[PDB]
């Protein structure tokens, strides 16, 4: 977005310095070009003269303004996508009860009982369990008074900036390109879940290209469903964005919320309101308070769904700005936030679409390396979605999600102290698709020191997961 004001206040909000990610035995074997993100201004691995505070907010390069015609076109696209979306999901979008918003429903997982509470509770030393009863599904006086203000639409808040402690390519670690989490207040997440939680539940349940959303998917079983779909098409594109989250313009966000979350679609009048509070935001980072116009905070409830929805509308908007007669049947797409796979039988020109995404403030680039522009003919077996390739399983004849070995090495090279055994078992569930030999190699530095699931046990587990039939057919 656009940074409009940078206040210096006396109250300092501390951020998590020093990584909790420790090198594992595998790090010495694989030596990956990956490492924990820089968390301190004077980190020894940082490039000379690089101030960490400056790089964090370098993504904020302006809140791009749209003309009336682009806004009317956008409204049209948001309405058209909203039509398809609500046609599939239905219109049972009435507010969730407090109990349901805390504990979740079918499709929506419960709120995390002991994550960050946000502001101003962070300045009071309070955990989430001090404000909200997660077992009973009830809230205390503080949250209830805040819910009263949100009912009245008078609620004001700030976002707590957190440095994302994560494994990153050493280039971005050296560039100081640490990603940040905008931690929102716990009552905000609660109310957003009350306003749009049922909608979010229905989205997860109905994931697939029909609604253009992979939010709620299980790549183990759904790679078959998505894989067969996109292979059916002449052209497939792996479209990359740069700072997709931050570059959502206030025009696009506002219109999207107005078109998708209308009361005629079953929503409470405040669904549109609570989401609109995400457009213009105040962020607290240490000594500085930074006011931003545009972009989406990451700690928001439904941030992935909002991003997914926007992604769908962007692609429709771009094509309609360049071509005539472009409808929702003209192409097919799946997304998960910024991650996107597009396909069509029309030889569409995504290189020509670049400026049309720029009118929304988005920069599209080919994922297929730094190759000279978007090209045609590419299939689903060439693209990457959710850091996973689409690869045919020799034996079963099903698509499987395959991660790059360099990434799997990176993941296995670092762990939070004491979580290493548990990490190995979950990552095994990812590594199984790389094949028996590569599976053996990835866990080779761990043999004798930990329990490593056999290749056979996870392969038979995956076979049953993707389909109960072929597992029984093997008998």
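Residue numbers count along the first chain shown, from 1.
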- prompt: Mean C-alpha B factor from the entry: is it higher for 294-302 or for 123-131?
  reply: 123-131
- line: Mean Cα B-factor check, 3-11 vs 465-473, entry values; winner is 3-11
statement: Max C-alpha B-factor within the set 143, 255, 246, 194 falls on 143
- line: Note to self: of 241, 237, 394, 230, the C-alpha temperature factor tops out at 394
CA B-factor ranking of residue 416, expressed as a third of its chain: middle
- request: Determine, from the deposited record, the chain-internal third of the Cα B-factor for residue 185: lowest, middle or highest.
  value: middle
message: Sorting by Cα B-factor within the chain, modelled residues only, which third would residue 265 end up in: lowest, middle or highest?
response: lowest
query: Would the CA B-factor of residue 435 place it in the lowest, middle or highest third of its chain?
result: middle
message: Quick check on the deposited entry: does the C-alpha B-factor of residue 162 sit in the lowest, middle or highest third of its chain?
response: middle
